Amino acid sequence: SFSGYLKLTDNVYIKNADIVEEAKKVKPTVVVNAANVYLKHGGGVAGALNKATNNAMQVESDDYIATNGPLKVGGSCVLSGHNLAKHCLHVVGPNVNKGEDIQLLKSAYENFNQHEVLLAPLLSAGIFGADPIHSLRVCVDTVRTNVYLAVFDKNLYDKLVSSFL
Ligand SMILES: N[C@@H]1CCCc2c(O)cccc21
């Protein structure tokens, strides 16, 4: 199971880890991807997860988009987890660098409540431009299921833990 996590609340855990390496190790039922509405996994967490699947995630995603159209900001879809997990929950947090509504971050985290346990990154953090301290706060105040957060950056992980209220 998940090891080396710091417990933040009854259901939220956090670790300084590369979510790709964490997924390859744990092979959780659900790994969350920091997706965009087009499921174009170019960079950040999405680029890294997709590269770990040898682009199989992108091939599956393009078929999903061809059939269903784009996701909504704040929405999600469940696809295969490939070699990383049973499933990948592609969740679209608002991208403040694209001028999207930060208020949709709570709606994005609500998708996690449909899964009893998840390995996840902080939504809208990194290249999505939101404040990761705010993302962690929204996560702990929204998600009720068991979420294991992987924070790639050690300095950000330390800042998140040391400032956690
Ligand atoms: N590797 C096991 C397979 C069974 C499901 C599961 C999970 O939900 C979370 C963490 C690890 C695992």
# chains A, B, ... in the order shown; residues from 1 in each chain; ligands from 1
call {"tool": "select_by_dssp", "arguments": {"residues": "chain A", "states": "helix (DSSP H, G or I)", "output": "PyMOL selection string"}}
result
chain A and resi 19-26+44-52+56-68+96-98+104-114+126-128+132-142+154-163
call {"tool": "residues_near_ligand", "arguments": {"ligand": "ligand 1", "cutoff": "10 Å", "atoms": "only C-alpha atoms and all ligand atoms", "output": "list in words"}}
result
residues 1, 2, 3, 23, 24, 25, 26, 27, 28, 29, 30, 31, 85, 86, 115, 116, 117, 118, 119, 146, 147 and 148 of chain A
call {"tool": "write_last_selection", "arguments": {"atoms": "N, CA, C and O atoms", "output": "PDB file, in the first residue's frame"}}
result
ATOM      1  N   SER A   1       0.832  -1.196   0.000  1.00  0.00           N
ATOM      2  CA  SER A   1       0.000   0.000   0.000  1.00  0.00           C
ATOM      3  C   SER A   1       0.902   1.296   0.000  1.00  0.00           C
ATOM      4  O   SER A   1       2.100   1.235  -0.339  1.00  0.00           O
ATOM      5  N   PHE A   2       0.289   2.465   0.253  1.00  0.00           N
ATOM      6  CA  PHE A   2       0.967   3.752   0.297  1.00  0.00           C
ATOM      7  C   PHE A   2       1.873   3.783   1.524  1.00  0.00           C
ATOM      8  O   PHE A   2       1.448   3.390   2.617  1.00  0.00           O
ATOM      9  N   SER A   3       3.120   4.224   1.338  1.00  0.00           N
ATOM     10  CA  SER A   3       4.072   4.313   2.439  1.00  0.00           C
ATOM     11  C   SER A   3       4.786   5.655   2.435  1.00  0.00           C
ATOM     12  O   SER A   3       4.983   6.269   1.382  1.00  0.00           O
ATOM     13  N   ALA A  23       3.021   5.898  -8.674  1.00  0.00           N
ATOM     14  CA  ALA A  23       2.057   5.049  -9.366  1.00  0.00           C
ATOM     15  C   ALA A  23       2.687   3.733  -9.807  1.00  0.00           C
ATOM     16  O   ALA A  23       2.102   2.689  -9.565  1.00  0.00           O
ATOM     17  N   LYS A  24       3.890   3.767 -10.406  1.00  0.00           N
ATOM     18  CA  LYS A  24       4.559   2.533 -10.839  1.00  0.00           C
ATOM     19  C   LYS A  24       4.811   1.584  -9.663  1.00  0.00           C
ATOM     20  O   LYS A  24       4.729   0.368  -9.825  1.00  0.00           O
ATOM     21  N   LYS A  25       5.092   2.143  -8.483  1.00  0.00           N
ATOM     22  CA  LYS A  25       5.375   1.389  -7.277  1.00  0.00           C
ATOM     23  C   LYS A  25       4.090   0.812  -6.669  1.00  0.00           C
ATOM     24  O   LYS A  25       4.011  -0.401  -6.454  1.00  0.00           O
ATOM     25  N   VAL A  26       3.084   1.662  -6.421  1.00  0.00           N
ATOM     26  CA  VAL A  26       1.869   1.279  -5.722  1.00  0.00           C
ATOM     27  C   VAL A  26       0.874   0.566  -6.608  1.00  0.00           C
ATOM     28  O   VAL A  26       0.173  -0.341  -6.162  1.00  0.00           O
ATOM     29  N   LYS A  27       0.778   0.996  -7.876  1.00  0.00           N
ATOM     30  CA  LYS A  27      -0.240   0.536  -8.832  1.00  0.00           C
ATOM     31  C   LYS A  27      -1.651   0.685  -8.215  1.00  0.00           C
ATOM     32  O   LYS A  27      -2.368  -0.294  -7.950  1.00  0.00           O
ATOM     33  N   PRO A  28      -1.985   1.937  -7.825  1.00  0.00           N
ATOM     34  CA  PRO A  28      -3.249   2.154  -7.117  1.00  0.00           C
ATOM     35  C   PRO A  28      -4.437   1.861  -7.996  1.00  0.00           C
ATOM     36  O   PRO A  28      -4.304   1.777  -9.226  1.00  0.00           O
ATOM     37  N   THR A  29      -5.632   1.783  -7.392  1.00  0.00           N
ATOM     38  CA  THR A  29      -6.848   1.609  -8.191  1.00  0.00           C
ATOM     39  C   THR A  29      -7.036   2.856  -9.064  1.00  0.00           C
ATOM     40  O   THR A  29      -7.413   2.730 -10.214  1.00  0.00           O
ATOM     41  N   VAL A  30      -6.744   4.050  -8.510  1.00  0.00           N
ATOM     42  CA  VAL A  30      -6.920   5.291  -9.240  1.00  0.00           C
ATOM     43  C   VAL A  30      -5.729   6.205  -9.090  1.00  0.00           C
ATOM     44  O   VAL A  30      -5.352   6.563  -7.971  1.00  0.00           O
ATOM     45  N   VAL A  31      -5.187   6.645 -10.213  1.00  0.00           N
ATOM     46  CA  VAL A  31      -4.237   7.722 -10.231  1.00  0.00           C
ATOM     47  C   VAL A  31      -4.955   8.912 -10.880  1.00  0.00           C
ATOM     48  O   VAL A  31      -5.633   8.740 -11.896  1.00  0.00           O
ATOM     49  N   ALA A  85      -1.828   2.375 -12.987  1.00  0.00           N
ATOM     50  CA  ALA A  85      -2.948   2.223 -12.053  1.00  0.00           C
ATOM     51  C   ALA A  85      -4.035   1.406 -12.756  1.00  0.00           C
ATOM     52  O   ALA A  85      -3.969   1.225 -13.982  1.00  0.00           O
ATOM     53  N   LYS A  86      -5.087   0.963 -12.036  1.00  0.00           N
ATOM     54  CA  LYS A  86      -6.202   0.305 -12.694  1.00  0.00           C
ATOM     55  C   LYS A  86      -6.901   1.364 -13.608  1.00  0.00           C
ATOM     56  O   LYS A  86      -7.073   1.145 -14.824  1.00  0.00           O
ATOM     57  N   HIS A 115     -14.434   8.145  -5.707  1.00  0.00           N
ATOM     58  CA  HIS A 115     -13.465   7.068  -5.625  1.00  0.00           C
ATOM     59  C   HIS A 115     -13.026   6.948  -4.191  1.00  0.00           C
ATOM     60  O   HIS A 115     -12.651   7.948  -3.587  1.00  0.00           O
ATOM     61  N   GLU A 116     -13.070   5.735  -3.639  1.00  0.00           N
ATOM     62  CA  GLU A 116     -12.727   5.539  -2.230  1.00  0.00           C
ATOM     63  C   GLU A 116     -11.286   5.881  -1.875  1.00  0.00           C
ATOM     64  O   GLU A 116     -11.043   6.348  -0.762  1.00  0.00           O
ATOM     65  N   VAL A 117     -10.337   5.638  -2.777  1.00  0.00           N
ATOM     66  CA  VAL A 117      -8.947   5.958  -2.526  1.00  0.00           C
ATOM     67  C   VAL A 117      -8.277   6.373  -3.833  1.00  0.00           C
ATOM     68  O   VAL A 117      -8.509   5.773  -4.892  1.00  0.00           O
ATOM     69  N   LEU A 118      -7.466   7.423  -3.769  1.00  0.00           N
ATOM     70  CA  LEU A 118      -6.790   7.928  -4.971  1.00  0.00           C
ATOM     71  C   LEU A 118      -5.384   8.355  -4.648  1.00  0.00           C
ATOM     72  O   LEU A 118      -5.120   8.894  -3.569  1.00  0.00           O
ATOM     73  N   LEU A 119      -4.507   8.223  -5.633  1.00  0.00           N
ATOM     74  CA  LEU A 119      -3.167   8.813  -5.655  1.00  0.00           C
ATOM     75  C   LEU A 119      -3.357  10.060  -6.544  1.00  0.00           C
ATOM     76  O   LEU A 119      -3.859   9.921  -7.672  1.00  0.00           O
ATOM     77  N   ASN A 146     -10.256   8.908   0.630  1.00  0.00           N
ATOM     78  CA  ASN A 146      -8.851   8.865   1.031  1.00  0.00           C
ATOM     79  C   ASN A 146      -7.934   9.261  -0.121  1.00  0.00           C
ATOM     80  O   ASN A 146      -7.863   8.591  -1.149  1.00  0.00           O
ATOM     81  N   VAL A 147      -7.304  10.424   0.020  1.00  0.00           N
ATOM     82  CA  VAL A 147      -6.455  10.960  -1.038  1.00  0.00           C
ATOM     83  C   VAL A 147      -5.004  11.078  -0.588  1.00  0.00           C
ATOM     84  O   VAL A 147      -4.708  11.671   0.459  1.00  0.00           O
ATOM     85  N   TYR A 148      -4.114  10.452  -1.367  1.00  0.00           N
ATOM     86  CA  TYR A 148      -2.680  10.414  -1.162  1.00  0.00           C
ATOM     87  C   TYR A 148      -2.084  11.360  -2.168  1.00  0.00           C
ATOM     88  O   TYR A 148      -2.070  11.066  -3.373  1.00  0.00           O
TER      89      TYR A 148
END
call {"tool": "residues_around", "arguments": {"residues": "residue 73 in chain A", "least_positions_apart": "2", "cutoff": "9 Å", "atoms": "only C-alpha atoms", "output": "JSON, numbers by chain"}}
result
{"A": [36, 37, 71, 75, 76, 91, 92, 93, 94, 95, 100, 101, 104, 105, 107, 108]}
call {"tool": "write_last_selection", "arguments": {"atoms": "N, CA and C atoms", "output": "JSON list (two decimals), in the first residue's frame"}}
result
[["chain", "number", "residue", "atom", "x", "y", "z"],
["A", 36, "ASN", "N", -6.24, 18.67, -19.02],
["A", 36, "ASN", "CA", -6.90, 19.82, -19.57],
["A", 36, "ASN", "C", -8.16, 19.29, -20.32],
["A", 37, "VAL", "N", -9.04, 20.20, -20.73],
["A", 37, "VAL", "CA", -10.31, 19.79, -21.35],
["A", 37, "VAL", "C", -10.15, 18.97, -22.60],
["A", 71, "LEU", "N", -13.83, 17.84, -22.14],
["A", 71, "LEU", "CA", -14.37, 17.86, -20.78],
["A", 71, "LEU", "C", -14.69, 19.32, -20.43],
["A", 75, "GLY", "N", -14.49, 19.28, -14.48],
["A", 75, "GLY", "CA", -14.99, 17.95, -14.73],
["A", 75, "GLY", "C", -13.92, 16.91, -14.81],
["A", 76, "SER", "N", -14.32, 15.69, -15.09],
["A", 76, "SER", "CA", -13.42, 14.57, -15.14],
["A", 76, "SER", "C", -13.93, 13.45, -16.02],
["A", 91, "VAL", "N", -8.79, 14.76, -14.25],
["A", 91, "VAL", "CA", -9.55, 15.84, -13.64],
["A", 91, "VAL", "C", -9.04, 17.16, -14.16],
["A", 92, "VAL", "N", -9.93, 18.05, -14.58],
["A", 92, "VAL", "CA", -9.54, 19.35, -15.09],
["A", 92, "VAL", "C", -9.72, 20.41, -14.03],
["A", 93, "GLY", "N", -8.62, 20.83, -13.42],
["A", 93, "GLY", "CA", -8.66, 21.98, -12.54],
["A", 93, "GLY", "C", -8.57, 23.24, -13.41],
["A", 94, "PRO", "N", -9.03, 24.40, -12.91],
["A", 94, "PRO", "CA", -8.87, 25.64, -13.67],
["A", 94, "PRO", "C", -7.39, 25.99, -13.87],
["A", 95, "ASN", "N", -7.07, 26.47, -15.06],
["A", 95, "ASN", "CA", -5.72, 26.89, -15.39],
["A", 95, "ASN", "C", -5.77, 28.40, -15.29],
["A", 100, "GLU", "N", -8.67, 30.96, -16.35],
["A", 100, "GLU", "CA", -9.87, 30.22, -15.96],
["A", 100, "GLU", "C", -10.28, 30.48, -14.51],
["A", 101, "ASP", "N", -11.57, 30.32, -14.20],
["A", 101, "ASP", "CA", -12.10, 30.62, -12.88],
["A", 101, "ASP", "C", -11.55, 29.71, -11.75],
["A", 104, "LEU", "N", -13.62, 27.20, -9.73],
["A", 104, "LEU", "CA", -13.89, 25.85, -10.21],
["A", 104, "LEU", "C", -12.97, 24.78, -9.61],
["A", 105, "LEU", "N", -11.99, 25.18, -8.76],
["A", 105, "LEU", "CA", -11.10, 24.21, -8.16],
["A", 105, "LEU", "C", -11.87, 23.30, -7.20],
["A", 107, "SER", "N", -15.07, 22.38, -7.49],
["A", 107, "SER", "CA", -15.78, 21.44, -8.37],
["A", 107, "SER", "C", -14.84, 20.35, -8.90],
["A", 108, "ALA", "N", -13.60, 20.74, -9.24],
["A", 108, "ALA", "CA", -12.63, 19.77, -9.73],
["A", 108, "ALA", "C", -12.32, 18.71, -8.66]]
call {"tool": "closest_residue", "arguments": {"among": "A:6, A:49, A:140, A:56", "to": "residue 110 in chain A", "atoms": "only C-alpha atoms"}}
result
A:140
call {"tool": "residues_around", "arguments": {"residues": "range 58-64 of chain A", "least_positions_apart": "3", "cutoff": "9 Å", "atoms": "only C-alpha atoms", "output": "NGL selection string"}}
result
:A and (38-41 or 50-51 or 53-55 or 67-70 or 79-80)
call {"tool": "write_last_selection", "arguments": {"atoms": "N, CA and C atoms", "output": "mmCIF file, in the first residue's frame"}}
result
data_model
loop_
_atom_site.group_PDB
_atom_site.id
_atom_site.type_symbol
_atom_site.label_atom_id
_atom_site.label_comp_id
_atom_site.auth_asym_id
_atom_site.auth_seq_id
_atom_site.Cartn_x
_atom_site.Cartn_y
_atom_site.Cartn_z
ATOM 1 N N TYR A 38 -9.017 19.114 -23.275
ATOM 2 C CA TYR A 38 -8.779 18.365 -24.527
ATOM 3 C C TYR A 38 -8.057 17.061 -24.305
ATOM 4 N N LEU A 39 -7.693 16.747 -23.046
ATOM 5 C CA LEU A 39 -6.879 15.594 -22.719
ATOM 6 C C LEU A 39 -5.587 15.574 -23.550
ATOM 7 N N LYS A 40 -4.993 16.758 -23.738
ATOM 8 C CA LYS A 40 -3.712 16.853 -24.452
ATOM 9 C C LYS A 40 -2.644 16.861 -23.362
ATOM 10 N N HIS A 41 -1.982 15.721 -23.193
ATOM 11 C CA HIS A 41 -1.075 15.518 -22.055
ATOM 12 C C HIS A 41 0.345 15.948 -22.433
ATOM 13 N N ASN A 50 1.668 10.567 -19.143
ATOM 14 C CA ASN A 50 1.507 10.044 -20.495
ATOM 15 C C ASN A 50 2.819 9.428 -21.001
ATOM 16 N N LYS A 51 3.970 10.103 -20.757
ATOM 17 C CA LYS A 51 5.254 9.568 -21.200
ATOM 18 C C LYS A 51 5.510 8.195 -20.554
ATOM 19 N N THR A 53 3.327 5.967 -19.854
ATOM 20 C CA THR A 53 2.505 4.983 -20.565
ATOM 21 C C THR A 53 2.977 4.778 -22.015
ATOM 22 N N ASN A 54 4.127 5.347 -22.418
ATOM 23 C CA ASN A 54 4.622 5.209 -23.785
ATOM 24 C C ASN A 54 3.597 5.803 -24.770
ATOM 25 N N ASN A 55 2.885 6.874 -24.360
ATOM 26 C CA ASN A 55 1.884 7.571 -25.166
ATOM 27 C C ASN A 55 0.551 6.826 -25.284
ATOM 28 N N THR A 67 -14.864 10.871 -29.615
ATOM 29 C CA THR A 67 -16.216 10.377 -29.359
ATOM 30 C C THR A 67 -17.065 11.330 -28.532
ATOM 31 N N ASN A 68 -16.471 11.927 -27.490
ATOM 32 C CA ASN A 68 -17.245 12.678 -26.493
ATOM 33 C C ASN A 68 -17.112 14.173 -26.485
ATOM 34 N N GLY A 69 -16.098 14.689 -27.164
ATOM 35 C CA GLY A 69 -15.820 16.113 -27.102
ATOM 36 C C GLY A 69 -15.060 16.413 -25.816
ATOM 37 N N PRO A 70 -14.715 17.683 -25.663
ATOM 38 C CA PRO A 70 -13.902 18.073 -24.511
ATOM 39 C C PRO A 70 -14.624 17.986 -23.189
ATOM 40 N N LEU A 79 -10.552 6.882 -17.351
ATOM 41 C CA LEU A 79 -9.987 6.118 -18.443
ATOM 42 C C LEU A 79 -9.056 5.056 -17.835
ATOM 43 N N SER A 80 -8.339 4.327 -18.683
ATOM 44 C CA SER A 80 -7.439 3.302 -18.204
ATOM 45 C C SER A 80 -6.277 3.944 -17.462
#
call {"tool": "closest_residue", "arguments": {"among": "A:145, A:163, A:16, A:11", "to": "residue 112 in chain A", "atoms": "only C-alpha atoms"}}
result
A:145
call {"tool": "select_by_dssp", "arguments": {"residues": "range 37-165 of chain A", "states": "strand (DSSP E)", "output": "VMD selection string"}}
result
chain A and resid 76 to 80 87 to 91 117 to 120 146 to 151
call {"tool": "decode", "arguments": {"residues": "range 128-164 of chain A", "atoms": "N, CA, C and O atoms", "output": "PDB file, in the first residue's frame"}}
result
ATOM      1  N   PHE A 128      -0.397  24.880 -14.017  1.00  0.00           N
ATOM      2  CA  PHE A 128      -1.756  25.416 -14.046  1.00  0.00           C
ATOM      3  C   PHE A 128      -1.866  26.780 -13.349  1.00  0.00           C
ATOM      4  O   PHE A 128      -2.900  27.430 -13.443  1.00  0.00           O
ATOM      5  N   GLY A 129      -0.824  27.193 -12.628  1.00  0.00           N
ATOM      6  CA  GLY A 129      -0.746  28.545 -12.117  1.00  0.00           C
ATOM      7  C   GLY A 129      -1.395  28.922 -10.816  1.00  0.00           C
ATOM      8  O   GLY A 129      -1.247  30.082 -10.412  1.00  0.00           O
ATOM      9  N   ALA A 130      -2.145  28.015 -10.189  1.00  0.00           N
ATOM     10  CA  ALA A 130      -2.781  28.378  -8.910  1.00  0.00           C
ATOM     11  C   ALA A 130      -1.785  28.244  -7.759  1.00  0.00           C
ATOM     12  O   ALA A 130      -0.740  27.598  -7.902  1.00  0.00           O
ATOM     13  N   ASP A 131      -2.121  28.849  -6.612  1.00  0.00           N
ATOM     14  CA  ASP A 131      -1.303  28.754  -5.425  1.00  0.00           C
ATOM     15  C   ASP A 131      -1.493  27.351  -4.868  1.00  0.00           C
ATOM     16  O   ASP A 131      -2.621  26.991  -4.504  1.00  0.00           O
ATOM     17  N   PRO A 132      -0.423  26.538  -4.788  1.00  0.00           N
ATOM     18  CA  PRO A 132      -0.576  25.174  -4.248  1.00  0.00           C
ATOM     19  C   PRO A 132      -1.048  25.112  -2.788  1.00  0.00           C
ATOM     20  O   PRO A 132      -1.719  24.156  -2.410  1.00  0.00           O
ATOM     21  N   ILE A 133      -0.744  26.138  -1.976  1.00  0.00           N
ATOM     22  CA  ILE A 133      -1.244  26.181  -0.596  1.00  0.00           C
ATOM     23  C   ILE A 133      -2.790  26.271  -0.621  1.00  0.00           C
ATOM     24  O   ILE A 133      -3.472  25.586   0.133  1.00  0.00           O
ATOM     25  N   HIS A 134      -3.321  27.093  -1.532  1.00  0.00           N
ATOM     26  CA  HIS A 134      -4.763  27.205  -1.700  1.00  0.00           C
ATOM     27  C   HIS A 134      -5.332  25.869  -2.216  1.00  0.00           C
ATOM     28  O   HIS A 134      -6.354  25.407  -1.703  1.00  0.00           O
ATOM     29  N   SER A 135      -4.651  25.227  -3.182  1.00  0.00           N
ATOM     30  CA  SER A 135      -5.127  23.945  -3.702  1.00  0.00           C
ATOM     31  C   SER A 135      -5.213  22.883  -2.602  1.00  0.00           C
ATOM     32  O   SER A 135      -6.191  22.142  -2.534  1.00  0.00           O
ATOM     33  N   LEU A 136      -4.219  22.843  -1.702  1.00  0.00           N
ATOM     34  CA  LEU A 136      -4.231  21.871  -0.609  1.00  0.00           C
ATOM     35  C   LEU A 136      -5.395  22.149   0.344  1.00  0.00           C
ATOM     36  O   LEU A 136      -6.060  21.215   0.795  1.00  0.00           O
ATOM     37  N   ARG A 137      -5.676  23.423   0.603  1.00  0.00           N
ATOM     38  CA  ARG A 137      -6.773  23.832   1.474  1.00  0.00           C
ATOM     39  C   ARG A 137      -8.104  23.388   0.869  1.00  0.00           C
ATOM     40  O   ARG A 137      -8.926  22.759   1.540  1.00  0.00           O
ATOM     41  N   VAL A 138      -8.299  23.651  -0.436  1.00  0.00           N
ATOM     42  CA  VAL A 138      -9.528  23.235  -1.117  1.00  0.00           C
ATOM     43  C   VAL A 138      -9.636  21.713  -1.106  1.00  0.00           C
ATOM     44  O   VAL A 138     -10.709  21.170  -0.824  1.00  0.00           O
ATOM     45  N   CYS A 139      -8.528  21.010  -1.333  1.00  0.00           N
ATOM     46  CA  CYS A 139      -8.523  19.558  -1.272  1.00  0.00           C
ATOM     47  C   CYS A 139      -9.023  19.036   0.099  1.00  0.00           C
ATOM     48  O   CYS A 139      -9.954  18.233   0.163  1.00  0.00           O
ATOM     49  N   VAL A 140      -8.410  19.509   1.193  1.00  0.00           N
ATOM     50  CA  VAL A 140      -8.782  18.990   2.515  1.00  0.00           C
ATOM     51  C   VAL A 140     -10.227  19.381   2.871  1.00  0.00           C
ATOM     52  O   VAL A 140     -10.909  18.596   3.534  1.00  0.00           O
ATOM     53  N   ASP A 141     -10.714  20.537   2.382  1.00  0.00           N
ATOM     54  CA  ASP A 141     -12.089  20.980   2.671  1.00  0.00           C
ATOM     55  C   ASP A 141     -13.144  20.440   1.703  1.00  0.00           C
ATOM     56  O   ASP A 141     -14.329  20.730   1.884  1.00  0.00           O
ATOM     57  N   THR A 142     -12.733  19.687   0.666  1.00  0.00           N
ATOM     58  CA  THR A 142     -13.674  19.181  -0.333  1.00  0.00           C
ATOM     59  C   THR A 142     -13.694  17.670  -0.415  1.00  0.00           C
ATOM     60  O   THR A 142     -14.766  17.066  -0.528  1.00  0.00           O
ATOM     61  N   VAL A 143     -12.515  17.054  -0.465  1.00  0.00           N
ATOM     62  CA  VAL A 143     -12.398  15.626  -0.611  1.00  0.00           C
ATOM     63  C   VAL A 143     -12.683  14.938   0.719  1.00  0.00           C
ATOM     64  O   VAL A 143     -12.112  15.292   1.749  1.00  0.00           O
ATOM     65  N   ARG A 144     -13.575  13.968   0.685  1.00  0.00           N
ATOM     66  CA  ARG A 144     -13.948  13.160   1.848  1.00  0.00           C
ATOM     67  C   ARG A 144     -13.416  11.736   1.759  1.00  0.00           C
ATOM     68  O   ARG A 144     -13.322  11.035   2.770  1.00  0.00           O
ATOM     69  N   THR A 145     -13.040  11.288   0.536  1.00  0.00           N
ATOM     70  CA  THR A 145     -12.455   9.984   0.338  1.00  0.00           C
ATOM     71  C   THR A 145     -10.935  10.054   0.654  1.00  0.00           C
ATOM     72  O   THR A 145     -10.408  11.137   0.951  1.00  0.00           O
ATOM     73  N   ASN A 146     -10.256   8.908   0.630  1.00  0.00           N
ATOM     74  CA  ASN A 146      -8.851   8.865   1.031  1.00  0.00           C
ATOM     75  C   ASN A 146      -7.934   9.261  -0.121  1.00  0.00           C
ATOM     76  O   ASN A 146      -7.863   8.591  -1.149  1.00  0.00           O
ATOM     77  N   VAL A 147      -7.304  10.424   0.020  1.00  0.00           N
ATOM     78  CA  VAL A 147      -6.455  10.960  -1.038  1.00  0.00           C
ATOM     79  C   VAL A 147      -5.004  11.078  -0.588  1.00  0.00           C
ATOM     80  O   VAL A 147      -4.708  11.671   0.459  1.00  0.00           O
ATOM     81  N   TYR A 148      -4.114  10.452  -1.367  1.00  0.00           N
ATOM     82  CA  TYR A 148      -2.680  10.414  -1.162  1.00  0.00           C
ATOM     83  C   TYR A 148      -2.084  11.360  -2.168  1.00  0.00           C
ATOM     84  O   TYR A 148      -2.070  11.066  -3.373  1.00  0.00           O
ATOM     85  N   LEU A 149      -1.669  12.519  -1.698  1.00  0.00           N
ATOM     86  CA  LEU A 149      -1.114  13.564  -2.531  1.00  0.00           C
ATOM     87  C   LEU A 149       0.369  13.389  -2.724  1.00  0.00           C
ATOM     88  O   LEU A 149       1.118  13.280  -1.751  1.00  0.00           O
ATOM     89  N   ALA A 150       0.815  13.405  -3.986  1.00  0.00           N
ATOM     90  CA  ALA A 150       2.230  13.348  -4.327  1.00  0.00           C
ATOM     91  C   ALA A 150       2.646  14.746  -4.788  1.00  0.00           C
ATOM     92  O   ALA A 150       2.074  15.276  -5.749  1.00  0.00           O
ATOM     93  N   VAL A 151       3.612  15.364  -4.085  1.00  0.00           N
ATOM     94  CA  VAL A 151       4.106  16.683  -4.436  1.00  0.00           C
ATOM     95  C   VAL A 151       5.525  16.491  -4.913  1.00  0.00           C
ATOM     96  O   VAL A 151       6.374  16.052  -4.145  1.00  0.00           O
ATOM     97  N   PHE A 152       5.777  16.748  -6.190  1.00  0.00           N
ATOM     98  CA  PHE A 152       7.098  16.509  -6.791  1.00  0.00           C
ATOM     99  C   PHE A 152       8.222  17.355  -6.206  1.00  0.00           C
ATOM    100  O   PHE A 152       9.311  16.841  -5.921  1.00  0.00           O
ATOM    101  N   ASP A 153       7.938  18.629  -6.016  1.00  0.00           N
ATOM    102  CA  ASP A 153       8.926  19.607  -5.583  1.00  0.00           C
ATOM    103  C   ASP A 153       9.153  19.534  -4.066  1.00  0.00           C
ATOM    104  O   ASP A 153       8.212  19.813  -3.330  1.00  0.00           O
ATOM    105  N   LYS A 154      10.384  19.175  -3.587  1.00  0.00           N
ATOM    106  CA  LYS A 154      10.686  19.079  -2.136  1.00  0.00           C
ATOM    107  C   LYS A 154      10.453  20.407  -1.401  1.00  0.00           C
ATOM    108  O   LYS A 154       9.873  20.428  -0.315  1.00  0.00           O
ATOM    109  N   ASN A 155      10.922  21.510  -1.987  1.00  0.00           N
ATOM    110  CA  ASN A 155      10.772  22.819  -1.373  1.00  0.00           C
ATOM    111  C   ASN A 155       9.300  23.203  -1.229  1.00  0.00           C
ATOM    112  O   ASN A 155       8.909  23.743  -0.199  1.00  0.00           O
ATOM    113  N   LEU A 156       8.469  22.873  -2.243  1.00  0.00           N
ATOM    114  CA  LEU A 156       7.040  23.129  -2.143  1.00  0.00           C
ATOM    115  C   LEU A 156       6.413  22.197  -1.109  1.00  0.00           C
ATOM    116  O   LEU A 156       5.615  22.660  -0.301  1.00  0.00           O
ATOM    117  N   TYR A 157       6.800  20.910  -1.091  1.00  0.00           N
ATOM    118  CA  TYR A 157       6.292  19.961  -0.093  1.00  0.00           C
ATOM    119  C   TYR A 157       6.524  20.503   1.354  1.00  0.00           C
ATOM    120  O   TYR A 157       5.612  20.531   2.196  1.00  0.00           O
ATOM    121  N   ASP A 158       7.762  20.979   1.603  1.00  0.00           N
ATOM    122  CA  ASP A 158       8.104  21.516   2.925  1.00  0.00           C
ATOM    123  C   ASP A 158       7.273  22.731   3.258  1.00  0.00           C
ATOM    124  O   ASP A 158       6.791  22.859   4.378  1.00  0.00           O
ATOM    125  N   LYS A 159       7.057  23.608   2.271  1.00  0.00           N
ATOM    126  CA  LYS A 159       6.260  24.802   2.464  1.00  0.00           C
ATOM    127  C   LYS A 159       4.794  24.436   2.750  1.00  0.00           C
ATOM    128  O   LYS A 159       4.155  25.022   3.604  1.00  0.00           O
ATOM    129  N   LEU A 160       4.269  23.440   2.036  1.00  0.00           N
ATOM    130  CA  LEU A 160       2.888  22.985   2.214  1.00  0.00           C
ATOM    131  C   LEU A 160       2.694  22.400   3.615  1.00  0.00           C
ATOM    132  O   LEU A 160       1.704  22.718   4.267  1.00  0.00           O
ATOM    133  N   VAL A 161       3.608  21.532   4.054  1.00  0.00           N
ATOM    134  CA  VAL A 161       3.465  20.913   5.374  1.00  0.00           C
ATOM    135  C   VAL A 161       3.609  21.963   6.491  1.00  0.00           C
ATOM    136  O   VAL A 161       2.765  22.045   7.395  1.00  0.00           O
ATOM    137  N   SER A 162       4.661  22.790   6.397  1.00  0.00           N
ATOM    138  CA  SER A 162       4.952  23.791   7.421  1.00  0.00           C
ATOM    139  C   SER A 162       3.916  24.876   7.533  1.00  0.00           C
ATOM    140  O   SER A 162       3.813  25.479   8.584  1.00  0.00           O
ATOM    141  N   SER A 163       3.143  25.138   6.467  1.00  0.00           N
ATOM    142  CA  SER A 163       2.093  26.162   6.524  1.00  0.00           C
ATOM    143  C   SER A 163       0.682  25.580   6.694  1.00  0.00           C
ATOM    144  O   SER A 163      -0.280  26.349   6.736  1.00  0.00           O
ATOM    145  N   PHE A 164       0.547  24.242   6.767  1.00  0.00           N
ATOM    146  CA  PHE A 164      -0.774  23.611   6.850  1.00  0.00           C
ATOM    147  C   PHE A 164      -1.458  23.948   8.133  1.00  0.00           C
ATOM    148  O   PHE A 164      -0.928  23.725   9.236  1.00  0.00           O
TER     149      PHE A 164
END
